[PDB]
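K.L.:
Please see the structure below; I have some questions.
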Amino acid sequence: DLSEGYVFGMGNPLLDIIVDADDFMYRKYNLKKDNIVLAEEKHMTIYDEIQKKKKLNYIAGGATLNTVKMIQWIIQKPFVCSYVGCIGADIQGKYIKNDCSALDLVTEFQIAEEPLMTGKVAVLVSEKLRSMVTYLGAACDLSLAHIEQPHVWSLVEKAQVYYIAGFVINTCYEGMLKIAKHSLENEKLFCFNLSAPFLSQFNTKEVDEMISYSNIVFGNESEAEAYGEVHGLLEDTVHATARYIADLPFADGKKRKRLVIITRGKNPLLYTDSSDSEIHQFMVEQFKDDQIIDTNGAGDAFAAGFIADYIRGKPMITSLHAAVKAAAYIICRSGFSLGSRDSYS
Ligand SMILES: Nc1ncnc2c1ncn2[C@@H]1O[C@H](CO)[C@@H](O)[C@H]1O
Ligand SMILES: [Cl-]
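Quick note: the sequence shown uses the entry's author numbering, first residue 3, plus one each step.
Right, dumping it as structure tokens:
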């Protein structure tokens, strides 16, 4: 039985705009399979462009928010989870806020000065490729000032577990660094997601600094590969990355266990920790082609499923099964959609 506000997240609350994309779109915007890029000026027309498409699916997104609200949904006790992010003063932001309240997720949103609008993600779906283009928008305005308000910082102080995705490096590194230091100094549980290859490539300093306060690190194969390359881990890159991340000193230099989990799609996921000489494979339930509805957000669900069980005392293997279950539930649904809790099985 977990205390209220036991779990705290901060991140970028975003609206996902899911569209069946034509094949030209990927060439036109130079987009890649299973990837995400932050919108540059050359990308900006995509939002007006996909808005001309029918069958648009609008749904609340944001990597950290996805994970934290599913932890809340899984555990099913009201107000166990807390979330902080920055939205705009528009209908999109209000929809995202109402979605959180419907889930019994305690929030303290910062509202961006008008007319800065709530961030959005163009999620381009096709049989050939899936790809995301993110316009952070209001999420950038998330500040240390808002986080340090007595009524918001108190959510951080009461939490024993934190989840922050690497994506927040781009929006409020100062805040996530402050929370990370608070966690380590108080011997709490800080969970960190590598989130995307571009973070390890262009924000290497920030990723490695975050790892040094993280008790648990989540990643996927492409993130491990990009991380490995940037660190000169030429051979055996994915295994080497898992070992390297697990063994990085903590910021206070204190001897401590860090757990690293690298997912690999349909292939066995890898896990190890700093006390473990070996890297373990964990077999994953094989999916048929027709079973897969939408894998977008599966990694976010995986993290939620793992943490929700792990923080309630379930052993490593049991928690991994819970993580796969979470991801599988999301894979069989469109966008990060959480239905009635009774049907979770
Ligand atoms: N730059 C970003 N920051 C936070 N979340 C993001 C970012 N880009 C994509 N996402 C989210 O990642 C989710 C898929 O893991 C989508 O719901 C999408 O909204
Ligand atoms: Cl996020």
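Cβ coordinates follow ideal geometry from the N, Cα and C atoms, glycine included.
Assuming residue 173 and residue 144 are in contact, meaning their beta carbons sit under 8 Å apart, how far apart are those beta carbons, in whole angstroms?
P.N.:
Correct: roughly 5 Å between the Cβ atoms.
K.L.:
Taking the alpha-carbon positions, what's the residue 269 to residue 319 distance?
P.N.:
Each residue's Cα considered, the two are about 16 Å apart.
K.L.:
Are the beta-carbon atoms of residue 64 and residue 16 separated by less than 8 Å?
P.N.:
In contact: residue 64 and residue 16 (Cβ atoms closer than 8 Å).
K.L.:
With H, G and I counted as helix, E and B as strand and the rest as coil, what does DSSP make of residue 191?
P.N.:
Residue state, collapsed to three classes: strand.
K.L.:
CB of residue 2 to nearest heavy atom of ligand 1: below 7 Å?
P.N.:
Here the chain comprises residues numbered 3 to 347, so residue 2 is not present and cannot be evaluated.
K.L.:
Looking at ligand 2, does it come within less than 7 Å of residue 65, judged from the CB to the closest heavy atom?
P.N.:
Yes, ligand 2 has a heavy atom inside 7 Å of this Cβ.
K.L.:
Alpha carbon to alpha carbon, how far is residue 290 from residue 176? Give it in angstroms, no decimals.
P.N.:
Distance between the alpha carbons of residue 176 and residue 290 is about 43 Å.
K.L.:
Below 8 Å between beta carbons: does that hold for residue 146 and residue 180?
P.N.:
Yes, they are a contact pair.
K.L.:
Could you please give me the residues that DSSP links to residue 218 through a beta bridge?
P.N.:
DSSP lists 193 and 261 as partners of residue 218.
K.L.:
Roughly how many angstroms lie between the CA atoms of residue 33 and residue 81, to the nearest whole one?
P.N.:
So the alpha carbons of these two residues sit roughly 39 Å apart.
K.L.:
Could I get the ranges of all uninterrupted beta strand (DSSP E) runs contained in the stretch 140–190, with 3 residues as the minimum, in chain order?
P.N.:
Correct list: 163–167.
K.L.:
Starting from residue 11, follow its DSSP beta bridges and name the residues at the other end.
P.N.:
Answer is 85 and 165.
K.L.:
Quick test of the definition: if touching needs 3 or more C-beta pairs under 8 Å, does the stretch 124–140 touch the stretch 38–51?
P.N.:
Touching, yes.
K.L.:
What is the DSSP secondary structure of residue 317, reduced to helix, strand or coil?
P.N.:
It is coil, neither helix nor strand.
K.L.:
According to DSSP, what are the bridge partners of residue 284?
P.N.:
Paired residues: 271.
K.L.:
May I ask you to check if the CB of residue 11 is nearer than 7 Å to at least one heavy atom of ligand 1?
P.N.:
Residue 11: no, Cβ never under 7 Å from ligand 1.
K.L.:
Return the residue from the list 222, 115, 8 and 278 that minimises the CA-CA distance to residue 158.
P.N.:
Looking at the Cα atoms, 8 is the closest of the given residues.
K.L.:
Would you say the beta carbon of residue 222 comes nearer than 7 Å to a heavy atom of ligand 2?
P.N.:
Answer for residue 222: no, Cβ out of range of ligand 2.
K.L.:
In chain order, what residues of the same chain lie with their CB nearer than 6 Å to the CB of residue 97, ignoring the 5 residues before and after it?
P.N.:
Excluding positions up to five away in sequence, the list is empty.
K.L.:
Helix, strand or coil: how does DSSP classify residue 46 here?
P.N.:
It is coil, neither helix nor strand.
K.L.:
Compute the Euclidean distance between the alpha carbons of residue 151 and residue 198, then round it to the nearest angstrom.
P.N.:
Approximately 30 Å between the Cα atoms of the pair.
K.L.:
On the three-state DSSP scale, how would you describe residue 2?
P.N.:
Because the chain here runs from 3 to 347, residue 2 falls outside it and cannot be looked at.
K.L.:
Looking at the strands, I want to know which residues DSSP matches up with residue 63.
P.N.:
Partner(s): 16.
K.L.:
Throw me the rounded Cβ distance for the residue 66 and residue 166 pair, which I believe falls under 8 Å.
P.N.:
With a Cβ gap of about 6 Å, residue 66 and residue 166 count as contacting.
K.L.:
Which residue's Cα is closest to the Cα of residue 137: 55, 119, 106 and 231?
P.N.:
Minimum Cα distance to residue 137 is reached at 119.
K.L.:
Starting from residue 126, trace the beta strand (DSSP E) both ways and give me its first and last residue.
P.N.:
Note, residue 126: beta strand (DSSP E), 120–127.
K.L.:
How do the stretch 323–341 and the stretch 293–307 stand: do at least 3 beta-carbon pairs fall below 8 Å, yes or no?
P.N.:
They touch, by the three-pair rule.
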